[PDB]
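Values below: all heavy atoms of this structure, side chains included; hydrogens, waters and symmetry mates excluded. When a ligand or atom number is given, it counts from 1 through the structure's own listing order. Order of the sequence lines sets the chain letters (A, B, ...), proteins ahead of strands, with each chain counted from 1.
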Amino acid sequence: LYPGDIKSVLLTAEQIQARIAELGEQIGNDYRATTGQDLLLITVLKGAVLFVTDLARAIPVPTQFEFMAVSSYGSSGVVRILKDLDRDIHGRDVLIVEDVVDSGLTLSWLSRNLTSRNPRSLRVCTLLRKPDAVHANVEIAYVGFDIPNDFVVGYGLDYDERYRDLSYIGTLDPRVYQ
Amino acid sequence: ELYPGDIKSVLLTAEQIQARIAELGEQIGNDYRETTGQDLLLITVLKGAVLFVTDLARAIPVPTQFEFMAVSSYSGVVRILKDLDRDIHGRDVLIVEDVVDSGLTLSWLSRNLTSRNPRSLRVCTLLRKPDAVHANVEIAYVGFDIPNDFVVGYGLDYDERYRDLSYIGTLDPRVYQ
Amino acid sequence: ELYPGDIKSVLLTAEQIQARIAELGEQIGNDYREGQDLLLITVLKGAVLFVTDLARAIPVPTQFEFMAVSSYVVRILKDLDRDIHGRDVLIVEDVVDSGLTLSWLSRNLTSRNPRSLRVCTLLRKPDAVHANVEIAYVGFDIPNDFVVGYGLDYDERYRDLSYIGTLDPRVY
Amino acid sequence: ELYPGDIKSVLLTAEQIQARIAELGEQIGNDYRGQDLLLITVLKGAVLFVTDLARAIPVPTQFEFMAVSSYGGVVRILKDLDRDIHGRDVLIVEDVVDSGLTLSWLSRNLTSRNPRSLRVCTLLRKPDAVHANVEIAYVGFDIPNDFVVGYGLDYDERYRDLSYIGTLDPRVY
Ligand SMILES: O=c1nc[nH]c2c1ncn2CCN(CCN(CCP(=O)(O)O)CCP(=O)(O)O)CCP(=O)(O)O
Ligand SMILES: O=c1nc[nH]c2c1ncn2CCN(CCN(CCP(=O)(O)O)CCP(=O)(O)O)CCP(=O)(O)O
Ligand SMILES: O=c1nc[nH]c2c1ncn2CCN(CCN(CCP(=O)(O)O)CCP(=O)(O)O)CCP(=O)(O)O
Ligand SMILES: O=c1nc[nH]c2c1ncn2CCN(CCN(CCP(=O)(O)O)CCP(=O)(O)O)CCP(=O)(O)O
Ligand SMILES: [Mg+2]
Ligand SMILES: [Mg+2]
Ligand SMILES: [Mg+2]
Ligand SMILES: [Mg+2]
Ligand SMILES: [Mg+2]
Ligand SMILES: [Mg+2]
Ligand SMILES: [Mg+2]
Ligand SMILES: [Mg+2]
């Protein structure tokens with residue numbers, strides 16, 4: 001697909017799908033009742049889109065999808081809502097699904113925004129967590145991979161809206177984003 | 001296991017869905033293989049085609065870009081809740097849909113996207129129902145021609161449920177009445 | 001004139017309203033003579049007429065921001081265009097009834113960390129006494145009856161009235 | 001007294017603007033006189049204008065707002081119309097038509113929703129609108145190409161609240 005753009009492969013597709021399977025079961029166990037309402041997966045477009053469709057099928061309990069679209073005002077990160085949730089999450093069991101957590105600013109904003117909507121419960125699942133995100137103010141119950149601070153693309157991760165479609169996660173060549 | 005007593009029968013198994021998407025991927029890949037230096041742009045309307053587009057994109061052997069539209073209902077009269085994140089002017093664009101039934105949404109979408117002047121505009125849907133086989137909008141890629149059964153699974157919903165299924169199943173009448 | 005038979009009685013005439021707004025503008029202008037302009041935040045659509053008249057009655061520089069919401073506790077359809085961090089902000093509302101909308105809005109804006117946050121409503125109804133958000137500026141206190149005009153609607157109609165009046169029971 | 005030293009001269013006073021809007025409303029009211037006339041505005045330069053105009057139009061009128069933004073002459077819709085304008089008499093309301101590209105987009109977008117009638121009212125029109133192709137049934141004032149602020153018109157979000165329209169002195173830029 002992208003010859004000369006990917007410097008190396010950090011996480012193979014097989015590794016990714018394997019980890020999601022275990023995350024899927026672990027999440028399935030923790031959420032396996034009294035409420036009668038399905039688990040609610042909340043995704044912020046669009047880097048976590050590939051991840052959430054796979055995670056959802058790996059979680060052995062019913063799961064609903066909800067999507068948020070956001071933009072930055074510039075420089076918890078300060079965040080503008082382009083598309084709000086389609087439904088009220090009041091009293092719902094909610095799982096935030098992120099592609100990567102780096103600074104922690106987005107997730108910090110998201111956790112607060114969703115909290116004041118008063119869900120029954122709020123937890124966080126991220127496929128990737130970078131070193132600066134370890135020891136952050138928002139608790140992340142489910143972490144797929146603890147990765148180094150390398151700029152990576154693939155499996156939903158982009159540089160300039162490219163490389164999102166890769167099935168694996170690879171380190172991008174410094175030439176590309178110079 | 002997930003929804004016991006709700007699925008009346010399986011219309012399309014997961015193995016069958018992934019198989020057809022593999023063929024679709026190749027077929028799409030060869031067409032758009034045939035200078036511009038810009039990637040193929042996949043455009044999805046949330047939320048039912050979300051699962052489909054993430055599989056299709058990985059099955060298409062040429063670079064693909066993701067864009068998402070969110071719409072709502074008030075000729076297909078449609079309200080936009082979230083416009084495209086970028087200008088698609090001069091881009092080669094593939095509309096990705098979960099199901100085409102009356103063809104009303106697709107008519108609205110095709111014309112809405114046409115006036116943004118893309119280089120090209122084609123449509124790919126996983127499912128097509130009888131009433132849509134002779135609709136005014138041309139669909140270059142059809143995964144399956146299914147009957148007019150109300151189906152769920154693989155992105156398809158009833159009251160926001162059943163989207164997470166890996167297969168496409170017919171839903172029991174008790175559930176939606 | 002515009003809607004014959006639809007308005008049972010006038011509540012607030014055009015002149016009553018503009019005079020009150022002239023007063024409000026002066027009171028707000030005195031309070032905010034503080035280096036960024038006062039930021040008026042309005043929720044569409046009811047307070048649109050009000051906020052355009054109010055902004056012109058305020059003798060200090062004022063900027064406009066609009067939000068668009070919808071009830072599912074409300075869904076944001078159009079967010080603010082700018083980071084209100086460090087800004088002096090005035091929420092402008094048409095009517096405060098149950099107070100729930102103001103409650104949500106107040107909390108939403110507060111977590112964006114403005115320097116100051118106050119509320120101005122044209123109309124306050126009796127049920128607002130059971131709400132908890134402080135309102136620095138009130139145009140008029142009115143009874144419980146459903147009113148239309150000056151931005152207030154019944155099924156999108158009557159917003160263009162220059163006065164506020166009670167709706168005839170025949171319309172329901 | 002609002003922005004001391006920023007305005008070099010007044011182009012259109014508050015009184016002059018209101019008088020013209022009064023004429024506009026009557027003219028528009030006469031033309032449209034069983035569903036209410038729909039005024040459609042793009043946020044937010046024309047908000048002041050549309051609130052005054054709606055009150056000056058002696059027929060029942062309704063408001064609908066749109067919010068757009070430029071993709072980094074086509075625009076991104078941020079807030080769409082709240083209602084279906086199918087079979088409705090629609091009047092687009094603008095603050096200023098300059099290049100005509102904004103109005104060009106908006107007019108095409110609303111046409112495809114099939115209103116019964118579509119017309120354009122703008123408070124101000126600049127000389128370059130002569131090459132815009134899109135017809136305007138109601139113009140408040142034809143004005144020079146010079147940059148003006150006030151009555152909804154901004155310079156980096158300032159000066160919108162002015163009751164009059166005026167010229168900024170080059171010190172501001
Ligand atoms: O390695 C990486 N490869 C790609 N992206 C990366 C990487 N690391 C951080 N990021 C950016 C992710 N961060 C910003 C994400 N988002 C904000 C982009 P912006 O609004 O332009 O500042 C991108 C949305 P999308 O999925 O559509 O690309 C959020 C993590 P945090 O710093 O808030 O904890
Ligand atoms: O078998 C089905 N199972 C689930 N849904 C089905 C089925 N058939 C049609 N549909 C509904 C598909 N519809 C797609 C969009 N629908 C919502 C998109 P989604 O978020 O993916 O569920 C309906 C819009 P609204 O409910 O607001 O009127 C219209 C297809 P068309 O008739 O315009 O060609
Ligand atoms: O007399 C009245 N005349 C018109 N409207 C009236 C009146 N009283 C309450 N209301 C409704 C005001 N409500 C405003 C909320 N908005 C939500 C209306 P809905 O989506 O139908 O629930 C109004 C949107 P708009 O400005 O477009 O008309 C609630 C204020 P509060 O109860 O949270 O304090
Ligand atoms: O004298 C003027 N004073 C203020 N603004 C002026 C003036 N002349 C043109 N303009 C810009 C008006 N422009 C209106 C579009 N918008 C410009 C977007 P931007 O590219 O970010 O400056 C205005 C949004 P708002 O109403 O919120 O301020 C373009 C009109 P047109 O060239 O498409 O016919
Ligand atoms: Mg993310
Ligand atoms: Mg990114
Ligand atoms: Mg669809
Ligand atoms: Mg549906
Ligand atoms: Mg209000
Ligand atoms: Mg109302
Ligand atoms: Mg304008
Ligand atoms: Mg401007």
Worksheet item: Which residue supplies the protein heavy atom nearest to atom 29 (C) of ligand 1, what is that atom called, and how far is it?
Response: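 The closest one turns out to be A:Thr106 OG1, 3.6 Å.
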Discussion item. Suppose we measure from atom 5 (N) of ligand 3 to each protein heavy atom; which comes out shortest, and what is that distance?
Written reply: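 Closest protein heavy atom to atom 5 (N) of ligand 3: C:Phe146 CE1, 3.8 Å.
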Worksheet entry | Heavy-atom gap A:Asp150 to ligand 1 smaller than 4.0 Å |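 A heavy atom of A:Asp150 does come that close to ligand 1.
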Worksheet entry | Proximity flag A:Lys130 to ligand 1, non-hydrogen atoms under 4.0 Å |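 In this structure, A:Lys130 qualifies as a contact of ligand 1 - some heavy atom is under 4.0 Å.
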Worksheet item: Heavy atom under 4.0 Å from ligand 1: found in A:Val70's side chain, backbone, both, or neither?
Response: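 No part of A:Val70 comes within reach of ligand 1.
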Discussion item. Quick check: closest heavy atoms across A:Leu172 and A:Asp5, and the distance to 0.1 Å?
Written reply: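 Distance-wise, the nearest heavy atoms are CD1-O, 3.3 Å.
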Worksheet item: What are the two closest heavy atoms between D:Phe49 and D:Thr122, and how far apart are they?
Response: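 Minimum heavy-atom separation between D:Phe49 and D:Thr122: CE2-C, 4.0 Å.
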Output the list of atoms in ligand 1 that are nearer than 4.0 Å to some heavy atom of [X], sorted by atom number.
{"X": "A:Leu45", "value": "27 (O)"}
{"X": "A:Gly104", "value": "31 (P), 32 (O), 34 (O)"}
{"X": "A:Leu157", "value": "4 (C)"}
{"X": "A:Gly47", "value": "26 (O)"}
{"X": "A:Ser72", "value": "19 (P), 20 (O), 22 (O)"}

Worksheet item: Can we call the ring centroids of C:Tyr154 and C:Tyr172 under 6.0 Å apart?
Response: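 Yes, close enough.
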Discussion item. Taking 4.0 angstrom as the limit and counting only heavy atoms of C:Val96, give me the atoms of ligand 3 inside it, by number and element.
Written reply: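 The atoms of ligand 3 under 4.0 Å from a heavy atom of C:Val96 are 34 (O).
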Salt bridge [X]-[Y], side-chain N to carboxylate O under 4.0 Å:
{"X": "C:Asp83", "Y": "C:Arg112", "result": "no"}
{"X": "C:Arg157", "Y": "C:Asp160", "result": "no"}
{"X": "C:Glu65", "Y": "D:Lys44", "result": "yes"}

Discussion item. I'd like to know if C:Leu100 contacts ligand 3, where contact means a heavy-atom distance under 4.0 Å to any ligand atom.
Written reply: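 Yes; C:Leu100 lies near enough to ligand 3 that a heavy-atom distance drops under 4.0 Å.
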Fill in: Within-cut-off N or O pair, A:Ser103 and ligand 1, under 3.5 Å
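Between A:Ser103 and ligand 1 (N or O atoms, distance only) the closest approach is under 3.5 Å.
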Item to complete: Could you tell me whether A:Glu161 and ligand 1 have an N or O pair separated by under 3.5 Å?
Response: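 No, since none of the N or O atoms of A:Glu161 sits under 3.5 Å from an N or O of ligand 1.
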Worksheet item: Hey, does the side chain of C:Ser106 reach the backbone of C:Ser103 with a donor-acceptor pair shorter than 3.5 angstrom?
Response: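 Absent.
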Discussion item. Going by the closest heavy atom to atom 3 (N) of ligand 1, which one wins out of A:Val152, A:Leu107, A:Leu172, A:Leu10?
Written reply: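 Nearest heavy atom to atom 3 (N) of ligand 1 lies in A:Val152.
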Fill in: the Mg ion (ligand 12) reached by D:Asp156 (N, O or S, under 2.8 Å)
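So D:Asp156 does not bind the Mg ion (ligand 12) by this criterion.
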Worksheet item: For ligand 3, is any non-hydrogen atom under 4.0 Å from C:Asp153's backbone (N, CA, C, O), its side chain (CB onward), both, or neither?
Response: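 Both the backbone and the side chain of C:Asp153 come within reach of ligand 3.
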Worksheet item: Side chain, backbone, both or neither: which part of C:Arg159 comes within less than 4.0 Å of ligand 3 when only heavy atoms are counted?
Response: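 C:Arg159 to ligand 3: side-chain contact only, backbone stays beyond 4.0 Å.
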Discussion item. When you measure from atom 11 (C) of ligand 1 to the protein, is at least one non-hydrogen atom found at a distance under 4.0 Å?
Written reply: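 Answer no: nothing from the protein, no heavy atom, is under 4.0 Å.
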